[PDB]
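*Asks:* Take a look at the following structure, please.
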Ligand SMILES: NC(=O)c1ccc[n+]([C@@H]2O[C@H](COP(=O)([O-])OP(=O)(O)OC[C@H]3O[C@@H](n4cnc5c(N)ncnc54)[C@H](OP(=O)(O)O)[C@@H]3O)[C@@H](O)[C@H]2O)c1
Ligand SMILES: NC(=O)c1ccc[n+]([C@@H]2O[C@H](COP(=O)([O-])OP(=O)(O)OC[C@H]3O[C@@H](n4cnc5c(N)ncnc54)[C@H](OP(=O)(O)O)[C@@H]3O)[C@@H](O)[C@H]2O)c1
Ligand SMILES: NC(=O)[C@@H]1C[C@]2(NC(=O)NC2=O)c2cc(F)ccc2O1
Ligand SMILES: NC(=O)[C@@H]1C[C@]2(NC(=O)NC2=O)c2cc(F)ccc2O1
């Protein structure tokens, strides 16, 4: 199955290109190659600091006629700093302006944690912790529903919301629109079994980010495990004659998740796409599921003491 | 959901109206009432022999501009006797003339076991066993695929096919169209766990039939079980204040199977549609799934010796 049906009836492609860490000059050729390769799903976000450059690529392919706008699935996110109702719309409008679009297929609240409104993405205080916003999660969803009603975003989702937080959006009195997706970190070390199960039971679509363990994350330490270099998984890639990266993408796909591997390497963007012609066995699925360490790659450490920090619960 | 997504773009209505056993003297009002109520999916077959009286109901509500052909999802199936590659094309046409439709949304090969061409639906040899045709299943699949190129049917599929029979069509050399749906028997007594997951893995939608156990089946014996009377199932219903039949239709929808209950009674047709306003619990589901006793209502016993009789394989 190449696409998942969402709540709004939209068909969301099961595989997308990640743009976090993709430098400005490199993201353009990368979005282009992706599209040429077959990727019709692209993952953006304001804090990634390259949406503008990503947009130039999509514009070039539409001009070149390789794609019609209704063939791509553009996703973006609301940074924790524009959580305050009156700031939401304006932020959506900047993402659209940069990407050079009329509407976003899906717009997500980037984190359950809202930050102090300001120029800087991470308004740190005197102890290295984030200066929290006053904002409550509900008004924000309410601010997000207004975008759908205005026809600026086809769908609205959540990202990094634990099952408790998810639940409250679901029970908010007078709810108009239901979370379409909940993009969460997921790979062999963070299998997210319970949360995936909850989201799916509530009809929400789960999108796995950092599928390859995010080798390039700024804070990586040369002592942490490395999924691309885990011998046990090289073992499985052997039997399929695919790369670990290909087996690390098939994995969430077979669990029914959208996967969004990142890469600015033309050769790799293609390698990551050839994953529709093979199947990890049931035991392969079972094997990779046992590799769980509850090991997070993106844990937003500066917000461990924020009222809405998502990761203190079991899920 | 309320409409599923097929491997061709289509979205198939989650609930349909069955028409096996509905006498022609009542199938027309049956369909008409169903449409009014809100059904946009009717399940038909040539062997049901009321395909003409169904067409009338369609034709009538279409002219009253109550619904558009664009909105309906009419389904029919190829009788065992037209398995010969030459007969397919015309058998389909016969269906379109009866139903008075210019194309079908989903046409299924009723059974994996074709019989000898003739005016009889069940050509019984001396011993009451039925006479088969030396036809080749992929070849029939070939004729089905041409209905799609021809523009006659929007999608094609299979019914009563085990995993080995399906898999042989998935590997067919130069396969143009792939099984959109697999209509199989499914209810608490025959839960269909292995096949159902085999299928959903292939991106093949499943359609459960005889969802209420088929109490009207000609071959019912007093000793046989009664899903609707089952006091255990009655308890789940009781809890949700809904009724057994409603519980039983909800059952497949929470497993991602479209379900097609049959009824020629306008009161039950309305009732059976009122199943989107409640939810069976994780336990209710576990409860209902454990009732399975590998009990089948449709076993095509006259074909147990047919080269292709589907029910010898585990799944
Ligand atoms: N909503 C959120 O809160 C959230 C959080 C985190 C991430 N995300 C989304 O998820 C995306 C994916 O996560 P991620 O960027 O952290 O990391 P990732 O995709 O797991 O890993 C990216 C790294 O893997 C390399 N790589 C990619 N394909 C490869 C291949 N076939 N062989 C070898 N190396 C390969 C990349 O190299 P090159 O780039 O050099 O090719 C890059 O160093 C993000 O970009 C973002 O769009 C969303
Ligand atoms: N592909 C295949 O091989 C295949 C095989 C069998 C069936 N099917 C399809 O699946 C459909 C459903 O299966 P089925 O006909 O075997 O039987 P079913 O749907 O399990 O049950 C039909 C019986 O249930 C009764 N009923 C319906 N709604 C009811 C309600 N709310 N309360 C109480 N009784 C209710 C009907 O009575 P009234 O009509 O008198 O109300 C009838 O006696 C078929 O009609 C056909 O379209 C496909
Ligand atoms: N440590 C974290 O959890 C986040 C992860 C995260 N990446 C991502 O895609 N979403 C994020 O919020 C991110 C992105 C940045 F541009 C800067 C920091 C940053 O840290
Ligand atoms: N015993 C069986 O398996 C089938 C079931 C079946 N009902 C059904 O919907 N599809 C079938 O083929 C059926 C329908 C008939 F009109 C006549 C006989 C008949 O027997």
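Residue numbering for chain B follows Swiss-Prot, covering 2-316 in order.
Cβ atoms are placed via backbone N, Cα and C, with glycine included.
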*Asks:* Of B:155, B:203, B:263, which one does Swiss-Prot label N6-acetyllysine?
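*Replies:* Record lookup, Swiss-Prot, feature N6-acetyllysine, residue B:263.
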*Asks:* So which of B:69, B:86, B:95 shows up as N6-acetyllysine in Swiss-Prot?
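*Replies:* Going through B:69, B:86, B:95 one by one, Swiss-Prot annotates B:95 as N6-acetyllysine.
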*Asks:* Going by Swiss-Prot, point out which residue in B:117, B:222 is annotated as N6-acetyllysine.
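*Replies:* Per Swiss-Prot, the residue annotated as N6-acetyllysine is B:222.
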*Asks:* Please report how many Å separate the Cα atom of residue B:10 (NADP(+) binding site) from that of residue B:78 (site 'Lowers pKa of active site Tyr'), as a whole number.
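*Replies:* Checking the Cα atoms of residue B:10 (NADP(+) binding site) and residue B:78 (site 'Lowers pKa of active site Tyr') gives a distance of 20 Å.
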*Asks:* Would you mind checking how many other C-beta atoms are within 10 angstroms of the C-beta on residue B:211 (NADP(+) binding site)?
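*Replies:* So the Cβ neighbour count for residue B:211 (NADP(+) binding site) comes to 25.
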*Asks:* Do any residues at least six apart in sequence from residue B:2 (N-acetylalanine), in the same chain, have a Cβ closer than 8 Å to its Cβ, and if so which, in order?
*Replies:* B:15
*Asks:* Have a look at the recorded positions B:3, B:49, B:78, B:222, B:263 and say which one has the shortest Cα distance to residue B:251 (NADP(+) binding site).
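*Replies:* For residue B:251 (NADP(+) binding site), the spatially nearest of the recorded positions is B:3.
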*Asks:* Listed recorded positions: B:49, B:78, B:271. Which have a CB under 6 angstroms from an atom of ligand 4?
*Replies:* B:49
*Asks:* Under a threshold of 6 Å between Cβ and any atom of ligand 2, which of the recorded positions B:95, B:211, B:231, B:251, B:261 are retained?
*Replies:* B:211, B:261
